[PDB]
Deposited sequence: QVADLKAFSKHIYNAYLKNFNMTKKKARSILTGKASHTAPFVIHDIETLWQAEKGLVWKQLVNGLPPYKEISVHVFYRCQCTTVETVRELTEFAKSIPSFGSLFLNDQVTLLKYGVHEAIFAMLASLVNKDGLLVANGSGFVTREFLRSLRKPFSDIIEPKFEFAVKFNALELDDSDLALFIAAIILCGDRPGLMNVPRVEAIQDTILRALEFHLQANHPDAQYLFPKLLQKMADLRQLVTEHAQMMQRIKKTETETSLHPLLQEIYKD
């Protein structure tokens, strides 16, 4: 087992470095000022940032709240695309039935995504694009409800998550575990997913005992954060449904539309 585990963790860590445009290692040095980000904090900085300083269009919007809402959708779509390629490299994810892969992604990407935004976060805002911009929490608290309500819970999750001091090597296995979940609805081969998931959790448990020797309780602490993410994402989807019911001008990217189908 043990040399298997260490090498299974290595391959997952490699898949992660290979597939994600941003790492917490790069985020954390930018945010501390070892590695500059353009500060987005109102209409005119968003315009500046989108005119090439941060991004290189969007469905028409009529106000800054919808506009940011659509910027959030762009990111999520970009993160879903990279999460898919990451997963296509986790051991034997690739060998599940193609529909179970899709089901596992349909139902786990927003949990993974919310774990990973956290890497980009400090109490005051978060890095965006690939570290080229910094959006202030005050600007986002300023948007009108329901938009600002759907954003703030992610900063609350993020800061507490960051208090645990995970690094990219840890997050690669955490994210793998969130995606290989035997209880998503509609899965066909539960036992096999459940089985890959158990190898992943044994790999993480091992990895955390090596990589974080003094944190004696980190492992069940991280199991609980996955449960916090499930609830965080329950809440999120209830707010997206509220926005769909009440803000009828606004639209949803087609991929998000499938993900949300039902």
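- Residues of the deposited sequence with no modelled C-alpha atom fall in the ranges 36-38, 60-63.
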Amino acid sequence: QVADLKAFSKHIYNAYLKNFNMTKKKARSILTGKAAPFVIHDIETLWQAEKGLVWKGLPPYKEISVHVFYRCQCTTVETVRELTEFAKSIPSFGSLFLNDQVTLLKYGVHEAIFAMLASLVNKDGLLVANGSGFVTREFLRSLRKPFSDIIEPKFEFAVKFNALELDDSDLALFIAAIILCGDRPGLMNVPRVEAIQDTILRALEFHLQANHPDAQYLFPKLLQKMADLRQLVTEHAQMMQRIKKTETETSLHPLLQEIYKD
From here on, numbers count along this sequence of modelled residues.
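- As listed in the deposited structure, the average C-alpha B-factor of 26-34 and of 198-206 is greater for 26-34.
- 46-54 and 231-239 differ in mean CA B-factor, and the higher of the two is recorded for 46-54.
- The entry assigns its greatest Cα B factor, within the set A129, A112, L140, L120, to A129.
- In the deposited entry, the Cα temperature factor of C181 sits in the middle third of values across the chain's modelled residues.
- Per the deposited record, the Cα B-factor of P146 falls in the highest third when ranked against the other modelled residues of its chain.
- In the PDB entry, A215 places in the highest third of its chain by CA B-factor.
- In this PDB entry, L187 carries a Cα temperature factor that places it within the middle third of its chain's modelled residues.
- For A15, the recorded CA B-factor ranks within the middle third of the chain. Only modelled residues enter the ranking.
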